[PDB]
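Quick note on labels: first sequence line is chain A, next is B, and so on, each numbered from 1. Note that these values count all heavy atoms, side chains included, but never hydrogens, waters or copies made by symmetry.
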Amino acid sequence: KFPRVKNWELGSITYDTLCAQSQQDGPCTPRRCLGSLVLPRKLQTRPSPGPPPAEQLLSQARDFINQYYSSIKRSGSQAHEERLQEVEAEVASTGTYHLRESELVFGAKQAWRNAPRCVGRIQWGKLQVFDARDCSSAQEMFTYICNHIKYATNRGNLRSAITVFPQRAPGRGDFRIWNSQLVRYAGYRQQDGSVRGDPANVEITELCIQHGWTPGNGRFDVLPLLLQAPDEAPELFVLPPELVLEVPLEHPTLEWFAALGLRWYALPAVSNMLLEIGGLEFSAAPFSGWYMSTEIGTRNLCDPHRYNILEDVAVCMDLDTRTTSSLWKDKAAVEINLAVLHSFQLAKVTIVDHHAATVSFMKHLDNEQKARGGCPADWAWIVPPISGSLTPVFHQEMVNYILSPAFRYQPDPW
Amino acid sequence: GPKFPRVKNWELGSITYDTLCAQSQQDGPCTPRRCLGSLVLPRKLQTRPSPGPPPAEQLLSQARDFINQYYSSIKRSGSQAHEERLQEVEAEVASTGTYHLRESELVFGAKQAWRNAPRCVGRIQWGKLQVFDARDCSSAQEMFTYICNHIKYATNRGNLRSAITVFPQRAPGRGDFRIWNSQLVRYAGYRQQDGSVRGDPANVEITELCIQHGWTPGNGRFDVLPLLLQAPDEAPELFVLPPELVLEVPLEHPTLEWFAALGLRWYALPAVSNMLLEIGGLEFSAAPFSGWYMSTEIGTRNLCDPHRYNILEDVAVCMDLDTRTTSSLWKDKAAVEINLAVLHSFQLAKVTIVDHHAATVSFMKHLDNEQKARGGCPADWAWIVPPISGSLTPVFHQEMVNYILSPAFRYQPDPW
Ligand code: HEM
Ligand code: HEM
Ligand SMILES: N=C(N)n1cc2cccc([N+](=O)[O-])c2n1
Ligand SMILES: N=C(N)n1cc2cccc([N+](=O)[O-])c2n1
Ligand SMILES: O=[N+]([O-])c1cccc2cn[nH]c12
Ligand SMILES: O=[N+]([O-])c1cccc2cn[nH]c12
Ligand SMILES: [Zn+2]
């Protein structure tokens, strides 16, 4: 029952017993593995059709509370017992309950700690948690987000942070941030069927313009936010330009690289995922840490369905883009990644390369093996999108499973 | 919609449903509670030398399944020849406990097994496999002859041809035919006194077994290992491959003149020789197969893995890169250059080879063919995506479903 996990670079072996704590099913079965799929058909947090079974929720709440008191070493203590009772008293009467600030803080850190696809989990203990459950309007949501952004950015010395809006409630609309990230670039669908800017944001850019936003025509126009308070049409808010730090991309040796006019924002702030803690679901809980260079230089700038800039840089590098065998693509990608690291380091903005990051993940795996006897990880997401085997995590086998607290995907609010 | 896995390609936004997985009859390592898809050796397949023949019934259904696949492949399901062959196989299992395949049936299973391999990116070539039947082989010396003919035909002076040679299946109470080497062509791993390894660290054990069985070792970094072949119930015999038969490619770089001076080289024929080929319940413990190299296997894995030749730092130093800081991406730079060197040297030498870009593209095409031909294609994402430039290839953005289908190639315990 316990998985033997091997690292083929060092011959070392470990056993993952933590996976035994998993109480939530994944998409795989013994007949076929679906671990390569990005999203589930319906593991996904399906919009509360009504109150969840009192037993089920109460069961998840007790485990969390248990987890919490173990954390502070006062397990089995009086507070623990009395806290479990408060929880039971609330579920029985109202059909739900509420977390305490410190419990929320603990829940958030555990959600990050449990995210199988995150390579930066070594930082899991350092998370600024902003309790925004005291929010009743999209306008209030906008003030919170600005504070989170201001704090998170910290003039280029990024600090990981999350902001938690009101949990979901039976029979009422969810609080939602329509944007996938707090900061993204517009995707303008032009006449020729092509797209100016970020192709992945065509739809969202649409919805914005739909709700009265005056669009630009640049390739890097920061999108406005569509904040939605319960059962109210989402509202449009423009992010103050000075709050949104950006890094102009240039190259250490290739003088012309700058002439390309490329740039990216400093703050990677996911805002479309759901945070679940002890059965409670938080539909609006944007979080952020800092970028790993490859996400910008490889995925955002080089994915075919994104800015797809490989050929341009390749032509500017005067490379034989006539045949795959010249490895022109591989050569241009390395420089694009180098430019990002160089530029971010020049703008004195926090960033981590894929080598540094995976080395740190390896250390995290060890700390977690001793701390909990295992660590859920999704190999296809931990290994960088370039130079896979060139990093240590590639040669490290991994067990993937779902632990709670957790960050989950949810339906687009439209 | 459909009660089958929904698969999506995020670059093209297209969707497909894999209904082929429904035909799987072998359980994998994953469960609804945890995914063990990233494990290299899932203790599942690992055809552990079962003491006696499979339960007459376990084998029967497997065989019945294979025969059905064969007759379908020739569009004659339910035909008189089909029910007869079914009666023929059962009758045979009834009187001997096992059975034998017809020539064409073997050819069909061999191709299907390659076709079914979830970890192989070059399956678009599956239908073009030369199957050498060597089930008449009775001695280790004869195994040597076949293997040499395989290498000769397969290498074909640089214009490589995919091939597989099938030795006698496993028989009830009677030693297995085994090739101890993991590949027909591999470099020796010489244990040093300081503790390091000269050559290929991956082969220290096999090297020390050749020596103990009489091999007179060399002391180079690229010494070709002799073959340790094993006939049924006999101790393994050693055989040295005639140098002229082992084509190799010295490596050089198109623009970095000093690269050649590194004295690096690699062999042209990749021939896995330690896998078990299973067809309709029958087990072929010795059945080496070969095709041709995808450049990254040589340039990235063999030459750059830290536990292999680990040549990344040397090349980087020669390139005058800052190996003192990760942010200089010196590993990425050296790897690209080493990989280009492999592609350049093979082409110059006129030896078949394929870069990860062309290969992955052909695989996408292959996925399209199988979607229409079988309703899906079992694929191991972590193995289809190349070890470098992952998201720069089309397969990275293609979700995949992994499952076991037989015929198949399975890992097997080492004979010693
Ligand atoms: C400190 C800096 C951090 C770095 C360098 C980092 C880096 C990454 C990377 C590279 C990915 C995978 C992206 C991909 O392969 O497509 C990822 C995913 C993820 N990270 Fe982190 N992370 C950091 C902080 C955080 C924080 C603060 C949280 C949460 C509080 C977090 C939550 C997650 C989650 C939930 C995922 C998966 C999202 C998805 O499924 O799309 N990360 N992270
Ligand atoms: C046409 C040329 C071929 C190319 C370029 C090719 C390429 C590859 C590559 C890149 C791998 C995975 C390497 C890795 O990630 O470690 C692989 C695995 C595999 N290939 Fe192919 N292949 C070819 C022909 C063949 C043939 C002829 C057979 C069998 C008849 C075959 C059977 C397999 C199997 C069973 C595996 C998995 C081995 C394992 O699990 O370690 N391949 N192939
Ligand atoms: N392409 C491959 N051969 N590999 C795919 C893999 C997936 C997980 C771990 C691996 N390790 O450890 O090597 C691995 N190698
Ligand atoms: N690290 C990642 N973001 N990804 C890991 C993956 C595994 C399979 C398919 C993917 N697609 O299609 O994007 C994928 N992306
Ligand atoms: O690449 N990243 O830095 C990255 C990707 C995805 C999510 C987060 C959160 N902080 N950084 C992240
Ligand atoms: O990389 N390869 O080319 C490769 C790897 C493993 C097996 C075979 C068989 N032909 N080519 C192969
Ligand atoms: Zn799985």
With chain B as the partner, which of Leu390(A), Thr294(A), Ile386(A) has the greatest number of non-hydrogen pairs under 4.5 Å? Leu390(A)

Between chain B and each of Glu397(A), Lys6(A), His355(A), count heavy-atom pairs under 4.5 Å; write down the option with the most. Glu397(A)

For chain A, which of [options] has the most heavy-atom pairs under 4.5 Å?
options                                  : answer
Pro378(B), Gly13(B), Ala22(B), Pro254(B) : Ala22(B)
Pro201(B), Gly390(B), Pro29(B), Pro32(B) : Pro32(B)
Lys333(B), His397(B), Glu337(B)          : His397(B)
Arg308(B), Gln25(B), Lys44(B), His307(B) : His307(B)

Gap between atom [atom2] of [Y] and atom [atom1] of [X] - 0.5 Å precision:
X         : Y         : atom1 : atom2 : value
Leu338(A) : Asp332(B) : CG    : CG    : 9.0 Å
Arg34(B)  : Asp16(A)  : CZ    : CG    : 9.5 Å
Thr29(A)  : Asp27(B)  : OG1   : CG    : 8.0 Å
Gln26(B)  : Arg31(A)  : CD    : CZ    : 11.5 Å
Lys331(B) : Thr391(A) : NZ    : OG1   : 8.5 Å
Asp305(B) : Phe394(A) : CG    : CZ    : 7.5 Å

Can you tell me which portion of [X] sits under 4.5 Å from chain B's heavy atoms? Options are side chain, backbone, both or neither.
X         : value
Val38(A)  : both
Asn400(A) : both
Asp378(A) : neither
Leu341(A) : side chain
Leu310(A) : side chain

Work out which heavy atom in [X] is nearest to a heavy atom in [Y]; give both atom names and the distance.
X         : Y         : result
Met400(B) : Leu37(A)  : O-CD1, 3.8 Å
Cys28(A)  : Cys30(B)  : CB-CB, 3.5 Å
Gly35(A)  : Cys35(B)  : CA-SG, 4.3 Å
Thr326(B) : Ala356(A) : OG1-CB, 3.9 Å

Contact part of [X] toward chain A, heavy-atom cut-off under 4.5 Å: side chain, backbone, both or neither?
X         : result
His344(B) : neither
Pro306(B) : side chain
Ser328(B) : backbone
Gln347(B) : side chain

Is the number of heavy atoms from other residues, nucleotides or ligands within 6.0 Å of [atom1] ([X]) greater than 12?
X         : atom1 : answer
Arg48(B)  : CZ    : no
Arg372(A) : CZ    : yes
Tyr15(A)  : OH    : no
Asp320(A) : CG    : yes

Is the closest side-chain heavy-atom distance between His354(A) and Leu329(B) below 4.5 Å? yes

Counting C-beta onward and ignoring hydrogens, is there a side-chain heavy-atom pair between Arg43(B) and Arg4(A) closer than 4.5 Å? no

Backbone N/O of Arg301(B) and side chain of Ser389(A): donor-acceptor pair under 3.5 Å: no

